[PDB]
6 protein chains.
Amino acid sequence: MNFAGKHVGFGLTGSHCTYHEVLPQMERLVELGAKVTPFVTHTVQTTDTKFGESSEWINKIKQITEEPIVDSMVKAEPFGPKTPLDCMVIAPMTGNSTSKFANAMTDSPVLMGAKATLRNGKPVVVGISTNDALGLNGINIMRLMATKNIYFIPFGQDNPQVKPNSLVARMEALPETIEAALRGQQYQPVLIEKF
Amino acid sequence: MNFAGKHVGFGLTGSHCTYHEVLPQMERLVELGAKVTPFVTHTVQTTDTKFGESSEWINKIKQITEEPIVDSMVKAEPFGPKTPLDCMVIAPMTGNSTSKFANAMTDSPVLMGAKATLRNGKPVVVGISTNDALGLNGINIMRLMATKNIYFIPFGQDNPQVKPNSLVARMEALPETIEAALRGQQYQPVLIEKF
Amino acid sequence: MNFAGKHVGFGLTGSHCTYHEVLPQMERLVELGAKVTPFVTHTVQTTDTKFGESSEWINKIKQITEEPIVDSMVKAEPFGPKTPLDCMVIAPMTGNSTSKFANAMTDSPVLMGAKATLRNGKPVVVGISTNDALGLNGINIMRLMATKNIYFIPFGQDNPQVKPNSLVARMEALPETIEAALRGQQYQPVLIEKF
Amino acid sequence: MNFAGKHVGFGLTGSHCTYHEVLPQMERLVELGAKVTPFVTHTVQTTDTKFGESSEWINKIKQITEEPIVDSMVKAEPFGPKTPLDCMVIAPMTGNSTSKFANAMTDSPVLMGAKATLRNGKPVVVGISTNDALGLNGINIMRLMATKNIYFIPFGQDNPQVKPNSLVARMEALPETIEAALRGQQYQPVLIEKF
Amino acid sequence: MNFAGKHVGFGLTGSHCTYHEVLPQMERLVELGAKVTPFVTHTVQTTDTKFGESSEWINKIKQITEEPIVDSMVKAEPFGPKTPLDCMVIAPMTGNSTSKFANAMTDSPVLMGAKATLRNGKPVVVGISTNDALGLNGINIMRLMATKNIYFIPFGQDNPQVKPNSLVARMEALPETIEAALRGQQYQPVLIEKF
Amino acid sequence: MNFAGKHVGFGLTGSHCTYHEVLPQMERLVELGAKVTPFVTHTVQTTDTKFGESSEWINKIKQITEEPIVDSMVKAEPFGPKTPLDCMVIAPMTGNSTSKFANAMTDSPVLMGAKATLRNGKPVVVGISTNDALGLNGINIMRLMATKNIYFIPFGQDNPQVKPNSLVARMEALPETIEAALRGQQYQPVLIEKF
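As named in the PDB entry, chain A is Dipicolinate synthase subunit B, taken from Bacillus halodurans. This entry carries the title "Crystal structure of dipicolinate synthase subunit B from Bacillus halodurans C".

Printed below as a string of structure tokens:
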């Protein structure tokens, strides 16, 4: 398993404090040789922002990869025609992002990265994480699972008694999922037992 | 009919000046003993906002219930794991909110309240109010009507000659709809003749 | 209201013994001057069939109109290119027929009549009658209601306490629905109170 | 766990030789006290049929339960208004039956049993078994999983390397799934590891 | 072809620098006699904005038509009950706008113009322009194409080898598409060969 | 372009007399070296059938290929686990077959061949031919176009003035479409101008 020479986009959705489960996977991809471009859902700074106010997570991304963080539509768009990715990852993918992605809405820098990658016939790999995955998001998920060029990090119910509709990916399986996606395949078993 | 001990969330969507049809129903729930938490789609104040600039509707909510208005994602999220509602109401539910809700988008404090309530298997009760309900919103509405744990305040065409696609709930039926939802039932007749 | 010169197809779906609610409407159309062609879902005779074995309903159709009953795909198909209808009615339209029609299946003579009429941009008017209309059929119904050239005989819940998902058309409104459909309009109010 | 006094319908879909995985579960329900009515997708005899020609599976059903096999639309229909079930099971539910059920088609005695049970607000429990469950059937499955009164026998991928889209229920979990469905609940974990 | 007396709304979605393909068509409508109201997706000025900072495109709209630019929900809403359009155009319609429109979301001034026009039974004409039109947006597009009162400027693949999912309208066909829409018809051929 | 060693299934749907447009393409595949198995939607003989009663089309298939015609579910099923195809073609694919296929119904030998091929991750290539393709079938078509392992023989409107919703494949492009499908690609341009 070797991503030398590969340009992988890594988009993060949802609350900043849930990224401790995926940043170690971003770090593994860089260690396996990938050039990793981070994508995020909002601007990382306002005119207003002061010296050491930036949350830890941004600093952590900057310690993993020197690729500029894509945090605007303008910055995301060239990943279609100019600087194409070999693969785009979205992890964690929240319920809101899942239903936007599944319904062809593309109103965040992350979803624009995904759209720009799909434009070229290249793979998008998603790590779901939502408590409505077996409820209102079920059709969205299964729509994506069946769609050309879209692949899922293996997933399962994380707490069936307390959150019976919740599905969450095994983030440790991310590199393997990318490796199979780059060959045009869904990595298997896609359904796993979480913890 | 008695809601003593019950924690009901009451989310408002759409223009602030359409809430005169639902605030009297919020007031009835409090009078019937419910603890009512209001949810709204945007922040109720900016840094900028001055003394008596706040619109009447906010003041009116504050006269009905002392529960803090949930006007942010941060404030809405604990209604899943920490402070669960027995029922969430969304009334009025606009066409835009209807199609976001039906498609699993959860990008407002109101929709997060609904998602957090559905996470726990608890009921959400909606009062539709849109002029495209029998047009592009029809599938969204019927999707929701058939979905586990989602119930509709009885509704009908409010002006068939002038707005032939428009459906609006009879807001006076809200408490009865909550009472049936808390038993796992859709209150009937769900189709009524408006005015 | 005058259908002189108009060629209206009248398809019947579901059990033969439910047609007592629509045959009087077929008779009114003929009395208002329409040329009415009946369409049915299966062959009206097998090689096997004997003299007075044919059910009353067939005889009743034959007393209303002398147009040959279209009971096969071969017989239905020319209503596209050769003998086009000005309007096709499907009443009663069962839940099974509703979900086939809504999903573009066309495997009965009735649905082929509808397809052949839609091919030409001409109206199809449906009278629903199913106990799952507000359940699994809801999306199918609302899909059809929003689709070009498809119109609904006004309908409502026929027994909300006992069959809460059931919607049935007011068959007496059929001619009026045809009249509005021929002008490109849905007759209003489309939602009525049944009995 | 006790089904004394309960009338459970048990519909079988697909090839006759796949019923060896569900007949032992039909037998457990009878042993736990249920009155079990079998439903099947076609007529069990033609005029033509001879003495010992009937396949073993029919004989096996007849050894488990003395309730007449419902093998026609006429026989299935009274399970709505006259002889209502407390629960309807469909197991195995093939891909074809899954997509008919999910799309509101009701053109077999089994699907009519399910429709007649849903008419009354009563539960239907399904055991999927199709090699396209994570492909074209994915949306159908997730639609059903989210729909009022429909519940799934826990399921999983039965051979991810060879049939990566295949999901099959753990049929041994059927009684437990019925028990939770009768209380209005999906039995959990709904996602399991097959064999 | 003459639009004298006609009030046509012209909404623009997506990047400001893609409007050079549609402004000449806005200009033709005014030259053919239409009163053209522009609709845009965001506010055209902030408190902050300075003298000659406004992008060329705004100035260009202002040279074509003196109707105030509708750039807010408040400004768009009266096009339902007070100042109804005879037709609303959305061109270019981006992938994001397409999937919002198709899913009944109405959270921009442009989509509110479209909703307000559909409320009245009046036509909306769309010019698609997205690189995912034959991918994730395909169902949205075909949903709209089949929906009452919605019509498409003829379109085709603009670069099948490089962007195989991309569909873009022939903007030169816009007036003809409006003319047919005003008669209740889709202008044909709707599928063309781009450049 | 060489199909030596390749096992291609060729399913025919719709009226027997429309196969003159695809049998020459079946013949080209055999001439290019493919082993071609025909699939059809019904049994090719009844007990009843007499000597020279069989329609010309059957004889014509038998002159092109000696592979037994798969005309039953029993015969189609082994193309999953025992005798897998490298590709399955469905041409012509009627509107009825399109909406069954798109909705995961698998109730004909042709659709079972397609299901059995998709089970293995292998390509299915479809040639649409229906007068409702841009109407009620639009979502079905676009669903299939976006689905893993499904590819379309290039298609277009065959008579936009007379049948404005009609799409039909250019059957001459079938081999090229198979060649690209076997590499995991949709052959381009997929949208063409018919005749």
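**Q** Sorry, what's going on with the overall build of chain A here?
**A** A tally of regular secondary structure across chain A gives 7 helices and 7 strands. For chain A, the succession of helices and strands along the chain, N to C, is β-α-β-α-α-β-α-α-β-α-β-β-β-α. For 195 residues, the compact-globule estimate of 2.2 N^0.38 gives 16 Å, and chain A sits close to it at 16 Å. Oriented by its inertia axes, the alpha-carbon framework of chain A measures out at about 45 × 35 × 30 Å. Within chain A, counting contacts between residues at least 6 apart in sequence, those at least 24 apart form 77% of the total.

**Q** I keep staring at the interface of chain E and chain B and nothing clicks. Help me out?
**A** The figure often quoted for interface size is the accessible area lost as the parts come together. With 15 residues of chain E at the interface, the matching set in chain B holds 16 residues. Elements that contribute at least two residues to the side of chain E that touches chain B include exactly helix 4 (95-102), helix 5 (109-119) and helix 6 (138-145) of chain E. Of the residues forming the side of chain E that touches chain B, the biggest block, 3 residues, is contributed by helix 5 of chain E. Residue composition of the side of chain E that touches chain B, by class: 7 nonpolar, 4 polar and 4 charged.

**Q** Teacher, can you tell me more about the arrangement of the chains here?
**A** There is a clear gap between chain A and chain C: no contact, and 14 Å between their nearest C-alpha atoms. Nothing in chain B touches chain F, and the closest approach of their C-alpha atoms is 14 Å.

**Q** Just checking my understanding: could you explain the pattern of salt bridges for this structure?
**A** A complete count under the given rule lists 24 salt bridges over all chains for this structure. Measuring nitrogen to oxygen at the nearest pair gives 2.7 Å for the salt bridge that ties A:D107 to A:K100. Judged by relative accessible area, A:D107 falls into the partly exposed class, the value being 35%. Assessed through its relative accessible area of 10%, A:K100 is described here as buried. Close ionic contact of F:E176 with F:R28 constitutes a salt bridge, the shortest N to O distance being 3.8 Å. Highlighted residues: F:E176 in helix 7 (residues 174-182) and F:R28 in helix 1 (residues 23-31), separated in sequence by 148 residues.

**Q** Is there a simple way to think about the interface of chain A and chain D in this case?
**A** Facing the 20 residues of chain A at the interface are 20 residues of chain D. Summing both partners gives a buried area of about 1,700 Å² for chain A against chain D, and 68% of it is carried by carbon and sulfur. Area buried by chain A at its contact with chain D is led by A:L134, A:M142 and A:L191, which between them contribute 35% of it. Elements represented by at least two residues in the side of chain A that touches chain D include exactly helix 6 (138-145) and strand 6 (155-157) of chain A. Take the side of chain A that touches chain D: its biggest share by element is 5 residues, from helix 6 of chain A. Of the residues assigned to the side of chain A that touches chain D, the class counts are 12 nonpolar, 6 polar and 2 charged.

**Q** Just to check I follow, could you spell out the relation of the copies chain E and chain B for this structure?
**A** Superposition of the two copies of the chain requires a rotation about an axis together with a shift along that axis. With an RMSD of 0.0 Å, the operation that places chain E on chain B is a rotation of 120 degrees combined with a shift of 0.0 Å along the axis. Accordingly, the operation relating the two chain copies is best matched by a three-fold axis. When C-alpha positions in chain E are compared against the rotation axis, the closest is assigned to E:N103, at 4.6 Å. Comparing interface residues between copies, only 13% of those in chain E also lie at the interface in chain B; the contact surfaces differ.

**Q** Whenever I open this one, the relation of the copies chain A and chain D confuses me. Can you help?
**A** For these two chains of identical sequence, chain A goes onto chain D by a turn of 180 degrees and a shift of 0.0 Å along the axis, with RMSD 0.0 Å. The operation mapping one copy onto its partner corresponds to a two-fold rotation axis. Closest approach to the rotation axis within chain A is made by the C-alpha atom of A:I139, at a distance of 2.5 Å. When you check the interface residues of chain A against chain D, 100% turn up at the interface there too, and the contact is symmetric in its surfaces.

**Q** Mind showing me how you'd approach the environment of D:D71 here?
**A** All names here are of chain D. By the element assignment, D71 lies in the loop between helix 2 (56-64) and helix 3 (73-76). For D71, a relative accessible area of 9% corresponds to the buried category. For the pair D71 and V40, spaced 31 residues apart in the sequence, the C-alpha separation amounts to 5.1 Å. Setting aside chain neighbours within four positions, we find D71 in contact with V40, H42, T43, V44 and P109. Among the polar contacts listed, one links the side chain of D71 to the backbone nitrogen of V44, at a separation of 3.0 Å.

**Q** Teacher, can you tell me more about the packing of aromatic side chains here?
**A** Geometry of an aromatic ring pair is reported as the spacing of the ring centres plus the angle between the planes. Per the counting criterion, the structure on display carries 18 aromatic pairs over all chains. Look at D:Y19 and D:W57: their rings are 5.1 Å apart centre to centre, the planes differ by 75 degrees, and that puts the pair in the edge-to-face class. Of the two residues, D:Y19 is situated in the loop between strand 1 (7-11) and helix 1 (23-31) and D:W57 in helix 2; the sequence distance between them amounts to 38 residues. Judged by its relative accessible area of 2%, D:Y19 falls in the buried class. Geometry around D:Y151 places B:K148 over its ring, the cationic atom sitting 5.0 Å from the centre.

**Q** Would you mind showing me how to read the packing of helix 6 of chain E against helix 6 (residues 138-145) of chain F here?
**A** When two helices pack together, you describe them by how their axes are tilted relative to each other and by the distance separating the axes. One way to put it is that helix 6 of chain E packs onto helix 6 of chain F with a least axis distance of 8 Å and a crossing angle of 170 degrees. If you check the angle between helix 6 of chain E and helix 6 of chain F, you find them roughly antiparallel. In contact with E:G138, E:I139, E:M142 and E:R143 of helix 6 of chain E, helix 6 of chain F contributes F:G138, F:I139, F:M142 and F:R143. In terms of residue class, the contact of helix 6 of chain E with helix 6 of chain F is made up of 4 nonpolar, 2 polar and 2 charged.

**Q** Would you take a moment to explain the side chain of A:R143 for this structure?
**A** Within the secondary structure, A:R143 sits in helix 6. Here A:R143 sits buried without a salt bridge, and the closest side chain of opposite charge, E:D132, lies 11 Å off (N-O distance). Setting aside residues up to four positions removed in sequence, A:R143 forms contacts with A:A102, A:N103, D:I139 and E:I139.

**Q** Whenever I open this one, the pairing of strand 4 (residues 124-130) of chain E confuses me. Can you help?
**A** Note on strand geometry: in a regular strand, side chains alternate between the two faces of the sheet. All names here are of chain E. Most of strand 4 is tucked away, with 6 of its 7 residues classed as buried. Both strand 3 (residues 87-93) and strand 4 contribute to a ladder of 4 bridges, which runs parallel. The residue bridging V89 from the neighbouring strand is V125, located in strand 4. The pairing of strand 4 with strand 5 (residues 150-152) spans 3 bridges and is parallel. Residue pairing in the sheet places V126 in a bridge with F152 of strand 5. Across 2 bridges, the pairing between strand 4 and strand 7 (residues 167-169) is antiparallel. Bridge assignment links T130 to a residue of strand 7, and that residue is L167.

**Q** Mind showing me how you'd approach the pairing of strand 1 of chain D here?
**A** Residue and element names in this part refer to chain D. Counting buried residues along strand 1, 5 of its 5 residues qualify, which places the element largely inside the surrounding structure. Of the two faces of strand 1, the one holding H7, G9 and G11 and the one holding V8 and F10 are both buried throughout. Two elements, strand 1 and strand 2 (residues 35-39), share 5 bridges in a ladder whose sense is parallel. Note that in strand 2 the partner of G11 across the bridge is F39.

Reading the values: rules and limits
Residues numbered from 1 in each chain as written, not as in the entry; some residues may be left out. Chains lettered and ligands numbered in written order. Heavy atoms only, no water. Residues with missing side-chain atoms left out of burial classes, pairs and counts. Helix = DSSP H or I, 4+ residues; strand = E, 2+ residues; numbered from the N terminus. Rg over C-alpha atoms; globule rule 2.2 N^0.38 Å. Contact = heavy atoms within 4.5 Å. Nonpolar A, V, L, I, M, F, W, Y, C, P; charged D, E, K, R; others polar. Salt bridge = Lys/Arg side-chain N within 4 Å of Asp/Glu carboxyl O. Buried < 20%, exposed > 50% of the residue type's maximum accessible area, 1.4 Å probe, protein only. Buried area = accessible area lost by both parts, 1.4 Å probe. Least-squares fit on C-alpha atoms. Polar contact = N/O pair within 3.5 Å; in protein donor to acceptor, adjacent residues only side chain to side chain. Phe/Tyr/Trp six-rings, centres within 6.5 Å; stacked < 30°, edge-to-face > 60°. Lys NZ or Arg CZ within 6 Å of the ring centre and 35° of its normal. Axes fitted to C-alpha atoms, helices over the stretch in contact; angles between N-to-C directions. Parallel < 35°, antiparallel > 145°, perpendicular 65-115°, else oblique. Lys, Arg positive; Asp, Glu negative; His and termini not counted. Pairing = 2+ DSSP bridges.

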